[PDB]
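Below: my_file_27.tsv (TSV, C-alpha atoms)
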```
chain	number	residue	atom	x	y	z
A	60	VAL	CA	23.30	96.54	-31.39
A	61	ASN	CA	20.09	96.76	-29.34
A	62	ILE	CA	19.49	99.59	-26.90
A	63	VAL	CA	17.65	98.09	-23.92
A	64	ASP	CA	16.17	99.28	-20.63
A	65	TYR	CA	17.46	97.39	-17.59
A	66	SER	CA	16.62	100.27	-15.25
A	67	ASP	CA	14.06	98.17	-13.35
A	68	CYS	CA	16.92	95.98	-12.10
A	69	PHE	CA	19.04	98.94	-10.98
A	70	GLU	CA	16.46	99.94	-8.31
A	71	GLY	CA	17.16	103.64	-8.67
A	72	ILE	CA	20.96	103.42	-8.87
A	73	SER	CA	22.66	105.27	-11.73
A	74	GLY	CA	24.54	102.94	-14.06
A	75	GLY	CA	24.64	100.98	-17.28
A	76	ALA	CA	25.08	97.47	-18.61
A	77	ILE	CA	26.40	95.83	-21.76
A	78	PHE	CA	26.01	92.19	-22.80
A	79	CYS	CA	27.65	90.84	-25.96
A	80	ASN	CA	27.16	87.46	-27.65
A	81	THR	CA	29.97	87.14	-30.16
A	82	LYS	CA	28.44	84.15	-31.97
A	83	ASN	CA	25.21	85.84	-33.16
A	84	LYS	CA	26.80	89.26	-32.66
A	85	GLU	CA	24.02	90.58	-30.37
A	86	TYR	CA	25.16	93.70	-28.43
A	87	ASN	CA	22.62	94.69	-25.74
A	88	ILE	CA	23.36	98.11	-24.25
A	89	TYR	CA	21.67	99.91	-21.37
A	90	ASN	CA	22.89	103.54	-21.05
A	91	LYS	CA	25.17	103.79	-24.09
A	92	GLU	CA	26.86	107.01	-22.96
A	93	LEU	CA	28.07	105.42	-19.74
A	94	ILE	CA	29.00	102.12	-21.42
A	95	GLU	CA	31.38	104.06	-23.70
A	96	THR	CA	32.99	106.09	-20.85
A	97	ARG	CA	36.46	105.07	-19.59
A	98	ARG	CA	36.88	104.76	-15.81
A	99	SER	CA	39.36	103.13	-13.44
A	100	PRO	CA	38.85	99.33	-13.51
A	101	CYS	CA	39.60	99.06	-9.78
A	102	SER	CA	39.78	95.42	-8.66
A	103	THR	CA	38.29	94.14	-11.94
A	104	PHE	CA	41.89	94.50	-13.11
A	105	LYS	CA	42.65	91.36	-11.09
A	106	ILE	CA	41.26	89.37	-14.04
A	107	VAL	CA	44.14	90.63	-16.16
A	108	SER	CA	46.81	90.85	-13.46
A	109	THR	CA	46.21	87.16	-12.65
A	110	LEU	CA	46.97	86.31	-16.27
A	111	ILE	CA	50.05	88.54	-16.29
A	112	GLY	CA	51.31	86.78	-13.17
A	113	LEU	CA	50.71	83.31	-14.64
A	114	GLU	CA	52.32	84.18	-17.99
A	115	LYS	CA	55.42	85.55	-16.25
A	116	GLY	CA	55.70	82.63	-13.81
A	117	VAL	CA	55.20	84.77	-10.69
A	118	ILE	CA	52.32	82.36	-9.96
A	119	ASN	CA	51.54	79.02	-11.55
A	120	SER	CA	48.25	77.54	-10.25
A	121	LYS	CA	45.18	78.37	-8.23
A	122	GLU	CA	47.17	77.21	-5.17
A	123	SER	CA	50.11	79.59	-5.69
A	124	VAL	CA	51.22	81.76	-2.78
A	125	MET	CA	52.99	85.10	-2.61
A	126	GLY	CA	55.00	84.73	0.62
A	127	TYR	CA	52.89	86.46	3.30
A	128	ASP	CA	55.20	88.38	5.63
A	129	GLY	CA	53.04	88.78	8.74
A	130	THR	CA	51.82	92.35	8.15
A	131	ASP	CA	48.65	93.19	10.12
A	132	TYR	CA	45.48	93.93	8.11
A	133	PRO	CA	41.93	94.61	9.32
A	134	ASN	CA	40.47	91.89	7.03
A	135	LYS	CA	41.02	88.58	8.85
A	136	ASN	CA	41.53	86.71	5.60
A	137	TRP	CA	44.37	88.92	4.37
A	138	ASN	CA	46.50	87.90	7.39
A	139	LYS	CA	47.61	84.56	5.96
A	140	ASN	CA	49.61	82.94	3.17
A	141	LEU	CA	46.58	82.81	0.97
A	142	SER	CA	46.42	81.04	-2.37
A	143	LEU	CA	45.67	82.69	-5.72
A	144	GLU	CA	42.10	81.42	-5.58
A	145	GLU	CA	41.54	82.91	-2.12
A	146	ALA	CA	43.32	86.19	-2.89
A	147	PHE	CA	41.17	86.67	-6.00
A	148	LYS	CA	37.91	85.99	-4.13
A	149	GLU	CA	38.97	88.17	-1.16
A	150	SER	CA	40.25	90.85	-3.57
A	151	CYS	CA	43.40	90.89	-1.45
A	152	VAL	CA	45.33	94.02	-2.41
A	153	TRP	CA	48.72	93.12	-0.88
A	154	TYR	CA	48.88	89.82	-2.77
A	155	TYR	CA	48.21	91.44	-6.12
A	156	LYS	CA	50.44	94.46	-5.47
A	157	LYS	CA	53.30	92.14	-4.62
A	158	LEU	CA	52.53	90.05	-7.71
A	159	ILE	CA	52.49	92.98	-10.12
A	160	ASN	CA	55.59	94.57	-8.62
A	161	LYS	CA	57.54	91.47	-9.67
A	162	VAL	CA	56.75	92.29	-13.33
A	163	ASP	CA	58.65	94.85	-15.39
A	164	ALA	CA	56.68	97.81	-16.71
A	165	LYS	CA	57.44	97.14	-20.38
A	166	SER	CA	55.96	93.63	-20.13
A	167	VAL	CA	52.79	95.05	-18.59
A	168	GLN	CA	52.60	97.88	-21.13
A	169	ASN	CA	52.86	95.43	-24.03
A	170	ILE	CA	50.24	93.06	-22.57
A	171	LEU	CA	47.77	95.91	-22.04
A	172	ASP	CA	48.45	97.18	-25.58
A	173	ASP	CA	47.86	93.67	-27.00
A	174	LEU	CA	44.59	93.40	-25.05
A	175	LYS	CA	43.53	96.96	-26.04
A	176	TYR	CA	42.95	97.54	-22.33
A	177	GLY	CA	41.41	101.00	-22.41
A	178	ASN	CA	43.93	103.81	-22.34
A	179	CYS	CA	46.71	101.33	-21.44
A	180	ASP	CA	48.13	104.10	-19.19
A	181	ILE	CA	50.39	102.71	-16.47
A	182	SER	CA	52.28	105.98	-16.05
A	183	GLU	CA	51.15	106.29	-12.41
A	184	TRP	CA	52.52	102.88	-11.43
A	185	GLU	CA	52.32	103.48	-7.69
A	186	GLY	CA	48.72	104.69	-7.97
A	187	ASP	CA	46.74	107.40	-6.23
A	188	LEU	CA	49.18	108.19	-3.41
A	189	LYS	CA	47.29	111.33	-2.39
A	190	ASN	CA	44.67	109.10	-0.72
A	191	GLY	CA	47.24	108.29	2.01
A	192	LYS	CA	47.09	104.51	1.60
A	193	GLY	CA	50.71	104.15	0.51
A	194	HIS	CA	51.57	100.71	-0.87
A	195	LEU	CA	47.84	99.73	-0.91
A	196	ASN	CA	47.58	101.53	-4.26
A	197	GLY	CA	48.42	101.02	-7.91
A	198	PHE	CA	47.83	102.24	-11.45
A	199	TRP	CA	44.60	100.22	-11.68
A	200	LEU	CA	42.97	101.76	-8.52
A	201	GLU	CA	41.48	105.24	-9.23
A	202	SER	CA	44.71	106.17	-10.98
A	203	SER	CA	46.07	106.44	-14.52
A	204	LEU	CA	44.59	103.28	-16.10
A	205	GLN	CA	41.06	103.71	-17.45
A	206	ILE	CA	38.78	101.42	-19.44
A	207	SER	CA	35.17	101.62	-20.58
A	208	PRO	CA	32.58	98.91	-19.85
A	209	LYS	CA	32.42	98.25	-23.61
A	210	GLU	CA	36.20	97.76	-23.70
A	211	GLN	CA	35.98	95.45	-20.67
A	212	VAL	CA	33.56	93.21	-22.57
A	213	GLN	CA	35.78	93.26	-25.67
A	214	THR	CA	38.79	92.30	-23.53
A	215	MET	CA	36.86	89.51	-21.76
A	216	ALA	CA	35.73	88.15	-25.12
A	217	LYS	CA	39.26	88.18	-26.56
A	218	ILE	CA	40.67	86.34	-23.54
A	219	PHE	CA	38.00	83.69	-23.04
A	220	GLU	CA	37.29	82.93	-26.71
A	221	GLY	CA	40.99	82.01	-27.03
A	222	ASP	CA	42.00	84.98	-29.19
A	223	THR	CA	45.06	85.99	-27.11
A	224	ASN	CA	48.43	84.31	-26.69
A	225	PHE	CA	47.78	83.50	-23.01
A	226	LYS	CA	48.06	79.77	-22.36
A	227	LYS	CA	44.80	77.81	-22.30
A	228	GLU	CA	45.91	76.38	-18.94
A	229	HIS	CA	46.07	79.91	-17.54
A	230	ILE	CA	42.72	80.90	-19.03
A	231	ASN	CA	41.17	77.87	-17.30
A	232	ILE	CA	42.68	78.83	-13.93
A	233	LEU	CA	41.02	82.22	-14.28
A	234	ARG	CA	37.70	80.62	-15.26
A	235	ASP	CA	37.93	78.41	-12.16
A	236	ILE	CA	38.53	81.26	-9.72
A	237	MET	CA	35.98	83.61	-11.38
A	238	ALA	CA	33.08	81.16	-11.11
A	239	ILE	CA	30.28	82.38	-8.90
A	240	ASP	CA	27.33	80.63	-7.33
A	241	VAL	CA	24.05	82.19	-8.47
A	242	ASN	CA	21.70	79.44	-7.18
A	243	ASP	CA	20.79	78.53	-10.76
A	244	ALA	CA	22.45	75.42	-12.13
A	245	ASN	CA	21.24	76.16	-15.68
A	246	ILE	CA	23.61	79.08	-16.19
A	247	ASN	CA	27.31	79.37	-15.45
A	248	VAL	CA	28.28	82.87	-14.31
A	249	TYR	CA	31.87	84.11	-13.94
A	250	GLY	CA	33.06	87.55	-12.90
A	251	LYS	CA	34.89	89.97	-10.65
A	252	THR	CA	33.68	92.96	-8.62
A	253	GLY	CA	35.45	96.28	-8.37
A	254	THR	CA	34.96	99.20	-5.97
A	255	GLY	CA	36.40	102.68	-6.07
A	256	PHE	CA	35.48	106.31	-5.54
A	257	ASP	CA	36.22	108.99	-8.12
A	258	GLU	CA	37.20	111.92	-5.89
A	259	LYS	CA	37.38	114.43	-8.74
A	260	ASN	CA	33.78	113.84	-9.83
A	261	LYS	CA	32.32	112.59	-6.52
A	262	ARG	CA	30.99	109.37	-8.06
A	263	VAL	CA	31.54	105.69	-7.33
A	264	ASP	CA	33.24	103.34	-9.76
A	265	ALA	CA	31.30	100.17	-8.93
A	266	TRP	CA	31.80	97.23	-11.28
A	267	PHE	CA	30.87	93.66	-12.04
A	268	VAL	CA	32.57	92.27	-15.18
A	269	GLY	CA	32.52	88.70	-16.52
A	270	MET	CA	30.68	86.20	-18.66
A	271	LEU	CA	27.57	84.05	-18.72
A	272	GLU	CA	27.22	80.59	-20.26
A	273	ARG	CA	23.71	79.34	-21.01
A	274	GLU	CA	23.14	76.32	-23.28
A	275	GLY	CA	25.76	76.87	-25.96
A	276	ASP	CA	25.47	80.67	-25.88
A	277	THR	CA	28.08	82.80	-24.11
A	278	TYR	CA	27.52	86.47	-23.21
A	279	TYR	CA	30.35	88.74	-22.10
A	280	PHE	CA	29.11	91.48	-19.80
A	281	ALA	CA	30.04	94.59	-17.84
A	282	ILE	CA	27.73	96.25	-15.30
A	283	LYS	CA	28.83	99.63	-13.96
A	284	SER	CA	27.45	102.23	-11.57
A	285	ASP	CA	28.57	105.87	-11.39
A	286	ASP	CA	26.15	106.88	-8.62
A	287	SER	CA	27.04	109.68	-6.25
A	288	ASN	CA	25.92	107.48	-3.32
A	289	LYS	CA	29.13	106.20	-1.68
A	290	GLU	CA	27.22	103.14	-0.46
A	291	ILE	CA	27.13	101.70	-3.99
A	292	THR	CA	29.93	99.13	-4.18
A	293	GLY	CA	31.08	96.38	-6.49
A	294	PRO	CA	29.15	93.75	-4.50
A	295	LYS	CA	25.95	95.81	-4.85
A	296	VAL	CA	26.46	96.07	-8.62
A	297	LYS	CA	27.00	92.30	-8.72
A	298	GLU	CA	23.55	91.85	-7.16
A	299	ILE	CA	22.12	94.06	-9.89
A	300	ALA	CA	24.02	92.04	-12.50
A	301	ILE	CA	22.60	88.77	-11.19
A	302	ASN	CA	19.05	90.15	-11.28
A	303	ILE	CA	19.55	91.24	-14.91
A	304	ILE	CA	20.88	87.79	-15.84
A	305	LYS	CA	17.94	86.05	-14.17
A	306	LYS	CA	15.35	88.39	-15.69
A	307	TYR	CA	16.66	88.77	-19.24
A	308	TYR	CA	19.23	86.00	-19.91
A	309	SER	CA	17.52	82.85	-18.62
```
For the structure just supplied, provide its representation as C-alpha coordinates.
Amino acid sequence: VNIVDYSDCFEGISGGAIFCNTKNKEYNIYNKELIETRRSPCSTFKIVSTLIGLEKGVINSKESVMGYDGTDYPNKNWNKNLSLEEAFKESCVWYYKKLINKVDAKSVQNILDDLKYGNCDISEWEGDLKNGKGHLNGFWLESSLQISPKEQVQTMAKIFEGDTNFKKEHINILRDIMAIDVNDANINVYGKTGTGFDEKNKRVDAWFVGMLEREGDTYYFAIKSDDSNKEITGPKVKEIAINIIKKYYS
(Lines of atoms letter the chains of each structure in order from A and count residues from 1; the text may use other names and numbers.)
(Lines give C-alpha, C1' and ligand atoms only; values in the text may rest on other atoms or scores of the structure.)
Protein backbone atom coordinates (compact mmCIF):
# COMPACT_ATOMS: atom_id res chain seq x y z
CA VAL A 1 0.00 0.00 0.00
CA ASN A 2 1.75 3.13 -1.30
CA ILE A 3 0.43 6.59 -0.55
CA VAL A 4 1.04 8.69 -3.68
CA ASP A 5 0.50 12.27 -4.82
CA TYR A 6 -1.49 12.58 -8.04
CA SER A 7 -2.58 16.14 -7.22
CA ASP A 8 -0.72 17.56 -10.22
CA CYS A 9 -3.16 15.71 -12.50
CA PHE A 10 -6.23 16.97 -10.65
CA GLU A 11 -5.51 20.61 -11.65
CA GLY A 12 -6.90 22.04 -8.43
CA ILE A 13 -9.99 19.82 -8.19
CA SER A 14 -10.62 18.06 -4.88
CA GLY A 15 -10.57 14.29 -5.19
CA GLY A 16 -8.69 11.04 -4.82
CA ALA A 17 -7.55 8.02 -6.78
CA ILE A 18 -6.83 4.37 -6.10
CA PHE A 19 -5.08 1.89 -8.40
CA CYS A 20 -4.69 -1.78 -7.46
CA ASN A 21 -2.64 -4.48 -9.18
CA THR A 22 -3.82 -7.76 -7.71
CA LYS A 23 -0.92 -9.80 -9.12
CA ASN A 24 1.93 -8.00 -7.31
CA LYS A 25 -0.53 -6.62 -4.76
CA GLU A 26 0.46 -2.96 -5.30
CA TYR A 27 -2.20 -0.56 -3.89
CA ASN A 28 -1.51 3.06 -4.91
CA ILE A 29 -3.70 5.53 -3.02
CA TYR A 30 -4.03 9.29 -3.45
CA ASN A 31 -6.14 10.85 -0.65
CA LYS A 32 -6.78 7.81 1.55
CA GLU A 33 -9.56 9.45 3.57
CA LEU A 34 -11.65 10.08 0.47
CA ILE A 35 -10.83 6.68 -1.09
CA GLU A 36 -12.32 5.01 2.01
CA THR A 37 -15.52 7.17 2.04
CA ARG A 38 -18.78 5.66 0.74
CA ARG A 39 -20.77 7.76 -1.74
CA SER A 40 -23.54 7.16 -4.26
CA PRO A 41 -22.09 5.30 -7.29
CA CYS A 42 -24.35 7.22 -9.69
CA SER A 43 -24.07 5.88 -13.25
CA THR A 44 -20.99 3.78 -12.41
CA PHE A 45 -23.62 1.35 -11.14
CA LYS A 46 -24.37 0.58 -14.80
CA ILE A 47 -21.33 -1.74 -14.72
CA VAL A 48 -23.16 -3.94 -12.23
CA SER A 49 -26.71 -3.41 -13.46
CA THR A 50 -25.62 -4.59 -16.94
CA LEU A 51 -24.40 -7.83 -15.39
CA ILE A 52 -27.60 -8.22 -13.35
CA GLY A 53 -29.63 -7.77 -16.53
CA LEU A 54 -27.55 -10.33 -18.46
CA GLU A 55 -27.64 -12.89 -15.64
CA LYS A 56 -31.43 -12.59 -15.36
CA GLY A 57 -32.02 -12.72 -19.11
CA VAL A 58 -33.56 -9.24 -19.33
CA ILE A 59 -30.80 -8.59 -21.90
CA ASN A 60 -28.56 -11.05 -23.67
CA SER A 61 -25.96 -9.32 -25.88
CA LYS A 62 -24.47 -5.94 -26.67
CA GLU A 63 -27.26 -5.58 -29.27
CA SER A 64 -30.14 -6.15 -26.84
CA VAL A 65 -32.97 -3.61 -26.77
CA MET A 66 -35.42 -2.59 -24.08
CA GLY A 67 -38.50 -1.70 -26.15
CA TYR A 68 -38.36 2.10 -26.54
CA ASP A 69 -41.89 3.50 -26.23
CA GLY A 70 -41.55 6.89 -27.94
CA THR A 71 -41.18 9.08 -24.84
CA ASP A 72 -39.58 12.48 -25.59
CA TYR A 73 -36.16 13.19 -24.05
CA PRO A 74 -33.84 16.19 -24.50
CA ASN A 75 -30.86 13.95 -25.41
CA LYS A 76 -31.30 13.05 -29.10
CA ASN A 77 -29.78 9.63 -28.59
CA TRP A 78 -32.22 8.56 -25.88
CA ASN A 79 -35.14 8.89 -28.33
CA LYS A 80 -34.57 5.55 -30.05
CA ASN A 81 -34.60 1.79 -29.52
CA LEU A 82 -30.98 1.83 -28.54
CA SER A 83 -28.88 -1.26 -27.95
CA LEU A 84 -27.14 -2.18 -24.69
CA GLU A 85 -23.83 -0.93 -26.07
CA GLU A 86 -25.31 2.45 -26.99
CA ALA A 87 -27.33 2.81 -23.78
CA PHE A 88 -24.20 2.13 -21.70
CA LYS A 89 -22.10 4.68 -23.62
CA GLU A 90 -24.91 7.28 -23.58
CA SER A 91 -25.60 6.50 -19.90
CA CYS A 92 -29.26 6.29 -20.90
CA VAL A 93 -31.28 6.37 -17.68
CA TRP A 94 -34.63 5.14 -19.05
CA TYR A 95 -33.06 2.01 -20.53
CA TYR A 96 -31.38 1.03 -17.28
CA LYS A 97 -34.36 1.95 -15.10
CA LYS A 98 -36.59 -0.23 -17.24
CA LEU A 99 -33.99 -3.01 -17.11
CA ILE A 100 -33.62 -2.98 -13.33
CA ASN A 101 -37.36 -2.72 -12.73
CA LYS A 102 -37.74 -6.11 -14.41
CA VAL A 103 -35.62 -7.67 -11.63
CA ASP A 104 -36.97 -8.61 -8.21
CA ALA A 105 -35.46 -6.85 -5.21
CA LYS A 106 -34.27 -10.02 -3.48
CA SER A 107 -32.21 -11.02 -6.55
CA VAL A 108 -30.58 -7.59 -6.59
CA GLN A 109 -29.99 -7.62 -2.82
CA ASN A 110 -28.27 -11.00 -3.01
CA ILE A 111 -26.08 -9.99 -5.97
CA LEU A 112 -24.95 -6.81 -4.22
CA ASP A 113 -24.26 -8.80 -1.03
CA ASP A 114 -22.20 -11.35 -3.02
CA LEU A 115 -20.22 -8.52 -4.65
CA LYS A 116 -19.79 -6.69 -1.31
CA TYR A 117 -21.13 -3.62 -3.12
CA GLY A 118 -20.67 -0.98 -0.43
CA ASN A 119 -23.58 -0.70 1.97
CA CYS A 120 -25.72 -2.90 -0.34
CA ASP A 121 -28.66 -0.64 0.63
CA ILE A 122 -31.47 -0.76 -1.94
CA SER A 123 -34.12 0.32 0.56
CA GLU A 124 -34.89 3.48 -1.46
CA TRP A 125 -35.61 1.55 -4.66
CA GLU A 126 -37.29 4.45 -6.44
CA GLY A 127 -34.41 6.78 -5.59
CA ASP A 128 -34.21 10.44 -4.62
CA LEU A 129 -37.77 11.47 -5.49
CA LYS A 130 -37.44 14.83 -3.75
CA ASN A 131 -35.38 16.07 -6.73
CA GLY A 132 -38.60 16.10 -8.81
CA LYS A 133 -37.31 13.84 -11.59
CA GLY A 134 -39.81 11.05 -10.94
CA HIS A 135 -39.03 7.82 -12.79
CA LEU A 136 -35.58 9.19 -13.83
CA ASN A 137 -34.31 8.09 -10.41
CA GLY A 138 -33.23 4.98 -8.56
CA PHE A 139 -31.44 3.61 -5.52
CA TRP A 140 -28.05 4.03 -7.24
CA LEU A 141 -28.49 7.79 -8.03
CA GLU A 142 -27.80 9.98 -4.95
CA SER A 143 -30.01 7.67 -2.91
CA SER A 144 -29.63 4.79 -0.47
CA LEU A 145 -26.84 2.78 -2.15
CA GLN A 146 -23.32 3.95 -1.28
CA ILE A 147 -19.88 2.55 -2.08
CA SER A 148 -16.34 3.78 -1.52
CA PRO A 149 -13.76 4.12 -4.31
CA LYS A 150 -11.75 1.36 -2.60
CA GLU A 151 -14.81 -0.92 -2.64
CA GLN A 152 -15.39 -0.06 -6.31
CA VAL A 153 -11.89 -1.30 -7.15
CA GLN A 154 -12.39 -4.46 -5.08
CA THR A 155 -15.68 -5.12 -6.89
CA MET A 156 -14.11 -4.49 -10.33
CA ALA A 157 -11.27 -6.86 -9.48
CA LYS A 158 -13.65 -9.61 -8.32
CA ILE A 159 -15.74 -9.36 -11.49
CA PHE A 160 -13.01 -9.10 -14.11
CA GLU A 161 -10.54 -11.57 -12.57
CA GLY A 162 -13.31 -14.19 -12.82
CA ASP A 163 -13.96 -14.51 -9.08
CA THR A 164 -17.78 -14.16 -9.29
CA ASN A 165 -20.41 -16.55 -10.62
CA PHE A 166 -21.31 -14.23 -13.52
CA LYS A 167 -20.88 -15.98 -16.86
CA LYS A 168 -17.63 -15.33 -18.71
CA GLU A 169 -19.72 -14.47 -21.78
CA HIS A 170 -21.41 -11.70 -19.80
CA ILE A 171 -18.12 -10.41 -18.37
CA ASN A 172 -16.81 -10.13 -21.93
CA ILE A 173 -19.87 -8.15 -23.08
CA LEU A 174 -19.17 -5.68 -20.29
CA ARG A 175 -15.48 -5.48 -21.24
CA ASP A 176 -16.51 -4.77 -24.84
CA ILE A 177 -18.86 -1.91 -23.99
CA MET A 178 -16.55 -0.41 -21.32
CA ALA A 179 -13.56 -0.07 -23.65
CA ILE A 180 -12.49 3.50 -24.22
CA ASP A 181 -10.23 5.10 -26.78
CA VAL A 182 -7.32 6.89 -25.11
CA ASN A 183 -5.19 7.45 -28.26
CA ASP A 184 -2.56 5.06 -26.90
CA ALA A 185 -2.55 1.60 -28.43
CA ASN A 186 -0.09 0.29 -25.81
CA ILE A 187 -2.64 0.33 -22.99
CA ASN A 188 -6.21 -0.94 -22.92
CA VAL A 189 -8.46 1.23 -20.75
CA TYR A 190 -12.01 0.30 -19.70
CA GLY A 191 -14.38 2.25 -17.49
CA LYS A 192 -17.59 4.11 -16.77
CA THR A 193 -18.26 7.71 -15.70
CA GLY A 194 -20.73 8.77 -13.06
CA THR A 195 -22.15 12.20 -12.22
CA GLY A 196 -24.24 13.30 -9.27
CA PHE A 197 -24.63 16.11 -6.77
CA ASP A 198 -24.79 15.48 -3.03
CA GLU A 199 -27.40 18.05 -1.96
CA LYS A 200 -26.90 17.45 1.77
CA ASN A 201 -23.18 18.27 1.67
CA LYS A 202 -23.12 20.52 -1.42
CA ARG A 203 -20.45 18.43 -3.17
CA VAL A 204 -20.30 16.62 -6.50
CA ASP A 205 -20.04 12.85 -6.78
CA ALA A 206 -17.95 12.68 -9.95
CA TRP A 207 -16.54 9.26 -10.85
CA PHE A 208 -14.49 7.29 -13.30
CA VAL A 209 -14.15 3.57 -12.40
CA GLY A 210 -12.58 0.77 -14.44
CA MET A 211 -9.40 -1.06 -15.30
CA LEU A 212 -6.16 -0.67 -17.21
CA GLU A 213 -4.26 -3.40 -19.08
CA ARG A 214 -0.61 -2.76 -19.89
CA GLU A 215 1.69 -5.62 -20.98
CA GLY A 216 0.52 -8.43 -18.73
CA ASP A 217 -0.25 -6.16 -15.78
CA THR A 218 -3.82 -5.17 -14.94
CA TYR A 219 -4.70 -2.28 -12.60
CA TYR A 220 -8.21 -1.78 -11.23
CA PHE A 221 -8.91 1.88 -10.52
CA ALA A 222 -11.39 4.39 -9.16
CA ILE A 223 -11.00 8.17 -9.53
CA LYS A 224 -13.42 10.33 -7.56
CA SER A 225 -14.00 14.04 -7.02
CA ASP A 226 -15.97 15.57 -4.15
CA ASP A 227 -15.43 19.20 -5.19
CA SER A 228 -17.98 21.83 -4.31
CA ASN A 229 -17.79 23.15 -7.90
CA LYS A 230 -20.94 21.87 -9.66
CA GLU A 231 -19.07 21.99 -12.98
CA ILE A 232 -17.02 18.92 -12.01
CA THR A 233 -18.66 15.94 -13.73
CA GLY A 234 -17.88 12.32 -14.45
CA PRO A 235 -16.46 13.19 -17.88
CA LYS A 236 -14.10 15.74 -16.29
CA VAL A 237 -12.89 13.14 -13.78
CA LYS A 238 -12.34 10.73 -16.68
CA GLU A 239 -9.98 13.29 -18.24
CA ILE A 240 -8.09 13.44 -14.95
CA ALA A 241 -8.02 9.64 -14.85
CA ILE A 242 -6.55 9.44 -18.35
CA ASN A 243 -3.84 11.97 -17.47
CA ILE A 244 -2.90 9.91 -14.39
CA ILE A 245 -2.73 6.73 -16.48
CA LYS A 246 -0.52 8.39 -19.09
CA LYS A 247 1.77 10.01 -16.51
CA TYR A 248 2.16 7.20 -13.99
CA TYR A 249 0.99 3.91 -15.58
CA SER A 250 2.68 3.93 -19.01
What are the nearest atom pairs, with distances in Å to one decimal, for all residues of range 146-168 of chain A that come at most 12 Å from range 137-140 of chain A, using only C-alpha atoms, set out by chain and rising residue number as CSV?
```
residue,atom,partner,partner_atom,distance
A:146,CA,A:137,CA,7.8
A:147,CA,A:137,CA,11.1
A:148,CA,A:137,CA,11.1
A:149,CA,A:137,CA,7.8
A:150,CA,A:137,CA,9.2
A:151,CA,A:137,CA,6.2
A:152,CA,A:137,CA,8.5
A:153,CA,A:137,CA,8.0
A:154,CA,A:137,CA,8.5
A:155,CA,A:137,CA,11.5
```
Keeping only C-alpha atoms, take the residues you just selected and write them out as an mmCIF file, in the frame of the given file.
```cif
data_model
loop_
_atom_site.group_PDB
_atom_site.id
_atom_site.type_symbol
_atom_site.label_atom_id
_atom_site.label_comp_id
_atom_site.auth_asym_id
_atom_site.auth_seq_id
_atom_site.Cartn_x
_atom_site.Cartn_y
_atom_site.Cartn_z
ATOM 1 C CA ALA A 146 43.320 86.190 -2.890
ATOM 2 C CA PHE A 147 41.170 86.670 -6.000
ATOM 3 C CA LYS A 148 37.910 85.990 -4.130
ATOM 4 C CA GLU A 149 38.970 88.170 -1.160
ATOM 5 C CA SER A 150 40.250 90.850 -3.570
ATOM 6 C CA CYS A 151 43.400 90.890 -1.450
ATOM 7 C CA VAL A 152 45.330 94.020 -2.410
ATOM 8 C CA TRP A 153 48.720 93.120 -0.880
ATOM 9 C CA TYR A 154 48.880 89.820 -2.770
ATOM 10 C CA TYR A 155 48.210 91.440 -6.120
#
```
Revision key, fill the gap. From CA of residue 142 in chain A to CA of residue 177 in chain A the spacing works out at 28.7 Å
Point to revise | Test item: residues at most 10 Å from residue 256 in chain A, only C-alpha atoms, excluding those fewer than 4 positions along its chain, as an MDAnalysis selection string | key: chainID A and resid 99 101 200:201 260:265 285:289 291:292
Exercise for review: List the neighbours of residue 85 in chain A out to 12 Å using only C-alpha atoms; skip same-chain residues closer than 2 positions along the sequence, and give me the result as a ChimeraX atom specification.
Suggested key: /A:60-63,77-83,87-88,276-280
**Study point:** Gap from CA of residue 76 in chain A to CA of residue 89 in chain A - Å, one decimal
**Key:** 5.0 Å
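Candidate residues A:235, A:222, A:180, A:187 were compared for distance to residue 204 in chain A, and the nearest is A:180, using only C-alpha atoms.
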